[PDB]
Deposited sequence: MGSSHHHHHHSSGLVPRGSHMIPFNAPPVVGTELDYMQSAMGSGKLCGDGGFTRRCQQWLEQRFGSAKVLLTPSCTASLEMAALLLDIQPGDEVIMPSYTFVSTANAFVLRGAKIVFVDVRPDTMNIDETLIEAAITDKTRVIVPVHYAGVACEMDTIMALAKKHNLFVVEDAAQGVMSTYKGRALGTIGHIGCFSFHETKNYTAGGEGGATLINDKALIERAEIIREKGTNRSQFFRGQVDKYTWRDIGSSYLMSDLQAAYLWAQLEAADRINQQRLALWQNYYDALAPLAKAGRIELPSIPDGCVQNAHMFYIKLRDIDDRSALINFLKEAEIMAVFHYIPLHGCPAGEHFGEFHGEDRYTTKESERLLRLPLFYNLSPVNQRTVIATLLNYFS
């Protein structure tokens, strides 16, 4: 069967992992760890980058870094991963959900200010599908109300917004290194980006409980074995990105006649935003047309899957959070979004099979 995703295989991961084993150091904060850190810092322009076991932990570290007390309201979309909210709820924060914009499925930068209260301190924007949000409106809103901006660029690796890299535009940035991402770091991984220099000294403390105790913290240490796996794929960062971009536009150029026919809808990439081709989604009227395609693709041995059940609709989202405004584009558009098979090791032969099955359905 043709899966929806397969972990990035450069073919050099095995060689770099033997260097970590040969060095005799496999624990966190080792050699290849700091090398991946130096890589991300200079390439993206961030002041400091620390590697975590997961993007979830990075988000948890951020909520711990900004010193969140129970009662603090954090604004975020409900069309995101559960880790985005749970990381802040753990600190006692209440979540204020805001509807998304139907073109990019990102948080509407115009509806944010209405959700701001005296209890609000943090706003965490999610760069869905690698497509950056309107940062030149959000950062101004933060500046206007003295708020912190934590970027959830879990899918925004090798993505930029008007030049600047994602995870860099904001006080804190969070990268993901799961096997379902552009760079897998051995299956599990994450990265905390500390762009604000005034948050660095404490970030080092909470990274290793107390000054590597002085204060609370955790063990946000990713093994050096995983580091070597990541460093191997950062070496082919431009090769991986360009290949995924090639496979991405192949989907777009073949589904464009259907989009211009009004049958389906294609992803929108705003001016100034450069994606990384993390995923390719389409829109199918309702939830019955999407399922009809899902079952159709499954019959052709092709794996397709939707994305993100709205957090505000979940029973735990009704307890720790609240959807401000009108649920206009969040729930509806989520039930029609379908993700197509897209990964680095995807052969062009199989992609033609997927596309042929799509056009066959329509």
Against the full deposited sequence, which stretches does the structure leave out? 1-20, 233-245, 396
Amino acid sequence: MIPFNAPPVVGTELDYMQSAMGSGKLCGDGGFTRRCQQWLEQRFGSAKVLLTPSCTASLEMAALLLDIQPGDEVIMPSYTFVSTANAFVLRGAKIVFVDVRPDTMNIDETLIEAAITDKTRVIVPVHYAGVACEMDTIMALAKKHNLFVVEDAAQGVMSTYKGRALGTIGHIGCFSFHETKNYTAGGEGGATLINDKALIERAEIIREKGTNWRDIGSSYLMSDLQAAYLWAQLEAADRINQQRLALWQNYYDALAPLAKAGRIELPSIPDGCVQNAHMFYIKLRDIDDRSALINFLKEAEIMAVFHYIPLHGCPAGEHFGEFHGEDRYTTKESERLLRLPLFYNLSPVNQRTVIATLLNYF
From here on, numbers count along this sequence of modelled residues.
Taking the deposited Cα B-factors and averaging over 267-275 and over 75-83, the higher mean is found in 267-275
Stretch with higher mean Cα temperature factor, 123-131 vs 286-294, is 286-294
Out of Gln155, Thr192, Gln249, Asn195, which shows the largest CA B-factor listed in the entry? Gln249
Among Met61, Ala300, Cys55, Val49, single out the one with the highest C-alpha B factor in the record, please. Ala300
Quick tally, chain-level thirds of C-alpha B-factors: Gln37 sits in the lowest
Would you please rank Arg244 by its C-alpha temperature factor against the other modelled residues of its chain and give the third it falls in: lowest, middle or highest? lowest
Ordered by C-alpha B-factor within the chain, which third holds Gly217? Give me lowest, middle or highest, please. highest
Ranking the modelled residues of this chain by C-alpha B-factor as given in the entry, is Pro70 in the lowest, middle or highest third? lowest
Where does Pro310 sit by CA temperature factor within its chain: lowest, middle or highest third? middle
